[PDB]
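Chemist: Sequence, then the experimental structure. Questions to follow.
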Amino acid sequence: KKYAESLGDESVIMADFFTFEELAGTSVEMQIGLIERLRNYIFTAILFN
Amino acid sequence: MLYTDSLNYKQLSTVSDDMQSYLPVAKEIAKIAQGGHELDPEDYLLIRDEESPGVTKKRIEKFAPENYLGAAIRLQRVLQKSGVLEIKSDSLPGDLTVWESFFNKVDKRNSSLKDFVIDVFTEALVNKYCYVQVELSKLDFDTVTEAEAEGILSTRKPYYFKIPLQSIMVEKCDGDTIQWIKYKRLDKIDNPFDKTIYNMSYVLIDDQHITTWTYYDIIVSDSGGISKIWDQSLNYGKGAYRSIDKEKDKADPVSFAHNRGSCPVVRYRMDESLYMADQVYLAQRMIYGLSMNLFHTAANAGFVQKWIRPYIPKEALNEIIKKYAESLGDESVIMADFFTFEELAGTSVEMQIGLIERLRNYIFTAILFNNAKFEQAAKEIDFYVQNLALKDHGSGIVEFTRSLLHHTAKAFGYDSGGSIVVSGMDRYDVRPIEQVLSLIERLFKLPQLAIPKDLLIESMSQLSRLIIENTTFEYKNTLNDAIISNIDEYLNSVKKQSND
Amino acid sequence: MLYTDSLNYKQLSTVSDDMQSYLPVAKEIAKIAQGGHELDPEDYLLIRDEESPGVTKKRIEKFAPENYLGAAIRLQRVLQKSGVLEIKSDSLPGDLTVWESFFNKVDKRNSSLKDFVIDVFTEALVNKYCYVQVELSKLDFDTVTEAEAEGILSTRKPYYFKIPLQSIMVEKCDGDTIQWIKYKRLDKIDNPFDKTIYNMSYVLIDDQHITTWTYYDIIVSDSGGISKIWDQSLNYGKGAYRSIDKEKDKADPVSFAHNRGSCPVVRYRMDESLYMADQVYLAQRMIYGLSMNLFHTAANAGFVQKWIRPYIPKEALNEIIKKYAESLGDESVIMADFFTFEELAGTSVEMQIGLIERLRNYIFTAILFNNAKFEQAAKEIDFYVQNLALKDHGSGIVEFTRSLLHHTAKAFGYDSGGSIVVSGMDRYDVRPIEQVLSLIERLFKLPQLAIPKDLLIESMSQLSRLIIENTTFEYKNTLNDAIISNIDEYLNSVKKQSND
């Protein structure tokens, strides 16, 4: 409870490890590339870029 | 045809099945595209399955709608407005003077023909089936003779009226021609010193008759219909608002024959392959939700946290952390064991940014257009793109100025006349003087016998008003009169030279 | 129509439902767009759900509003001002001299017609429905005969007046034409040696009559209405301020017929698809909040902290840290065990910067414009973009100079006349001399019989005043007179050559 209350710029917390865990993101761009290649095939079915 | 029977509210309020199916999706698409303050964030929440309402409202507070669909609609409207629309006068049946008088003001909004047609096109662009009706003014007199009837027939002044799509209730139409149509119209009687009153009219336009059923002093319901109506007999005869009866509250029709010979409505229907709003509105609401979630995540993970590991009793620990906080600046060396500045790296935020960017790219590629023009000789194309919207606003400004000048002339006691022609606000271009000079030179290089004096006068006047600006209207008038006289003399001289 | 009955404050103060719904959002959008000192940081706080007020005020101290919406409005106004607006004199009904006299000063703000229309366009751009009224001056005399009435009718001098949108209370209008309108007007009677007094007027403009209800010596309320009014009978007859009565405090109407035949107001209504302020104001307030939070985070995490690990008793530790602090510079070698310089890396700050940048990019892409022009032959386009605002300020400067010269002429006892035409401040361009030379050459290459002497005189005078500057007005006048005489001689010579 205390930790949550004092978790901002206006406080120095007294914890032991407080990493900000975040998704790196490599699969999202993988699926984006897959969708992009499907769209590229759709637009190359006609001879267009 | 001629209707003379009062109808219950249920009969008037009927809506055909196809309209019942189509109106909700049209309303949704219009709401998505228009955006603005009418948007309700609640409807565009990607909530994690009913979490605490406090965090929901905190997330709602960060609602920043990016209506890229609205930008695309604006771009298409401006691009189409950049075109030219012309009417061949000789092909107009009947007197040309009455046609010009009508074209001075084609509708109650004072817009010109091209402006009105572009507005119709825009309304169809946001949602198809834009309906326009052509009507007249009403004049009624008693003890009418044949001459009075002739005058009434000869005093018709038509104008256009755009029927809202959501107000359409039913219509019988084959192809594009409309056999007949019944729509609704909520007209507000505004009292300068009292609460606004509302009336509800159901208008049926037929082949040779037009009829209206009117309910007076009603209350509009959340479904767009009637909820409560006034009743003078109520309140022991004083009158009050009572619930609408679907079988006993009947409206007496008022009908008359327009003698048009056909239904005086026209529907503009954008082709399905061209109607892009049907295929991007879902992407737009997805953008709304994703942007809200992205801003919420960034705000909740944007701060920088600084933790310590004290250097060596809860009271002693409290004393230590107090001391540490006090001496945590540039003017002190702390004695701690580990004081990293913990901060979010940020890879998910840019991931969501990329997702929103790809949604926007799809929205702008639904039309064959590239948004990279505004993402990061040559720039003259972008300048012309700006000039397109400049020309649109200039046309609107010219219309407003014409109306203002008409009112001003009426203020002097003059009866107007010629509607005070106003030009300009149509050619926005860098370095415009030499373009007009080139136009003048190219005109003069043409066979002089083939150039009317009016064209030369117009071009020279444009040059004169471009070269000197911020000057008194008297000075410009004097210069234009001198130009006109000199051009007339030159034309007469060249004519007499050519004759002999 | 003719009103002659006093009305209670409740009757005057009524506002139509549509206006009641629309005024708050218009006020909010106007406040967001205008920005400036009127902004209240409290309203744009992304506070972490009611934390300590001390940190809230510390965050408020770091409020630096970046009104990109204001920049976009300025850009659109300047771009539209870059256009040309022209009036065809021959189409003006009635005498042309009175039209020119009116066009010398179209409103009480001394702006020209184009300047006034651009101001109206800007007011509509920030918030739609800009209202303009056309009125006259009032003259009253006693023992009036027919000749006196004729003179009073002939001495009308109309001018324009922009009605603030927030002052609109109710209006009945079909399409763009306004049937009638009631608005409010708070007029301050300023006393050079006393407290400012306030009066409240409710103005109803009708088809053929205009009426005003006036409450004298009132106090404006926080809602824009009346809170307290003066009462001479109060204070035992000495008078005092007492609360307004909504049923007993009645204002006597004063009305007169303007004989315009129609309501002398015009509303400019920017099209919804073109009105961009409705779709970016939320983004602008989000920018305000995000910028405040970003600066607060940067300030609270911007310092560099330096910690130690002492090399080997709390008193002994105090002695050690004192010594360490003393010997922490370039001129000493410390004996510690670990002395890293702890510093914020910074990845979240640039994340928030990117978020604010993308919000600004959306704001600037609501209009089809690219902000990269001011983010990082060719540059001549940017120079012309600057020249646009230069031309706007130049038009304002020319208006001010005309007014100043009019007052100066009045100082000499001269009665003005021609209003002292002033030109210039309209062509800002790099290397302007050869542009004027090219204009002169192109004019002279045209058929000389087709060029009036006035145009040549104007162009040559422009060249003369460009080639020599910082010179006495006498020198420029002498050069211009010589040019005029020489041009007249040349034109006469070529005319007599062409005659025979």
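Modeler: Ah, there it is. Numbering: from 1, shown residues only, chains lettered A, B, ... in the order given.
Chemist: ok and the strand or helix carrying residue A:44 relative to helix B:348-366, angle-wise?
Modeler: Using DSSP states H and E, residue A:44 sits in helix A:27-45. With axes from the mean of the first three to the mean of the last three Cα atoms, to 10 degrees applied, the angle from helix A:27-45 to helix B:348-366 works out at 20 degrees.
Chemist: packing partners for helix A:27-45?
Modeler: With contacts taken as 3 or more Cβ pairs under 8 Å, 6 or more residues apart in numbering or on different chains; DSSP states H and E, helix A:27-45 sits against helix B:348-366. For every residue, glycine as well, the C-beta is placed using N, CA and C.
Chemist: Just the C-alphas of the helix it packs on, formatted as PDB.
Modeler: Provided in PDB are the C-alpha atoms of helix B:348-366 (Å, rounded to 0.1, in the frame of the first residue of the first chain):
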ATOM      1  CA  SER B 348       5.400  -0.800 -26.400                       C
ATOM      2  CA  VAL B 349       4.400   2.900 -26.700                       C
ATOM      3  CA  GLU B 350       6.100   3.100 -30.100                       C
ATOM      4  CA  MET B 351       4.500  -0.200 -31.000                       C
ATOM      5  CA  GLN B 352       1.100   1.200 -30.300                       C
ATOM      6  CA  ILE B 353       2.100   4.400 -32.200                       C
ATOM      7  CA  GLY B 354       3.000   2.200 -35.200                       C
ATOM      8  CA  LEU B 355      -0.300   0.400 -35.000                       C
ATOM      9  CA  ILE B 356      -2.200   3.700 -35.000                       C
ATOM     10  CA  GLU B 357       0.000   4.900 -37.800                       C
ATOM     11  CA  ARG B 358      -0.800   1.800 -39.900                       C
ATOM     12  CA  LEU B 359      -4.500   2.300 -39.300                       C
ATOM     13  CA  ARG B 360      -4.200   5.900 -40.400                       C
ATOM     14  CA  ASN B 361      -2.200   4.800 -43.500                       C
ATOM     15  CA  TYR B 362      -5.000   2.300 -44.300                       C
ATOM     16  CA  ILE B 363      -7.600   5.100 -43.900                       C
ATOM     17  CA  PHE B 364      -5.600   7.300 -46.300                       C
ATOM     18  CA  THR B 365      -4.900   4.500 -48.800                       C
ATOM     19  CA  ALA B 366      -8.600   3.600 -49.000                       C
END
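Chemist: Now do that helix: everything it contacts.
Modeler: Residues from elsewhere that reach helix B:348-366, judged by Cβ atoms under 8 Å, 6 or more residues apart in numbering or on different chains: A:22-23, A:25, A:28-29, A:32, B:66, B:68-69, B:72, B:276, B:279-280, B:283-284, B:286-287, B:290-291, B:293-294, B:297-298, B:301, B:370-371, C:351, C:354-355, C:358.
Chemist: Would you list the buried entries among those?
Modeler: Taking 16 or more other Cβ atoms under 10 Å in any protein chain shown as the criterion, what is buried in the contacts of helix B:348-366 is A:28, B:66, B:68-69, B:72, B:276, B:280, B:283-284, B:286-287, B:290-291, B:293-294, B:297-298, B:301, B:371, C:351, C:355, C:358.
Chemist: if I look at residue A:43, how far off is chain C?
Modeler: 25 Å (Cβ to the nearest Cβ, to the nearest Å).
Chemist: Same check on residue A:12?
Modeler: For residue A:12, the distance to chain C - Cβ to the nearest Cβ - is 10 Å.
Chemist: Tell me the bridge partners for that residue.
Modeler: On the basis of DSSP bridges, residue A:12 is bridged to residue B:306.
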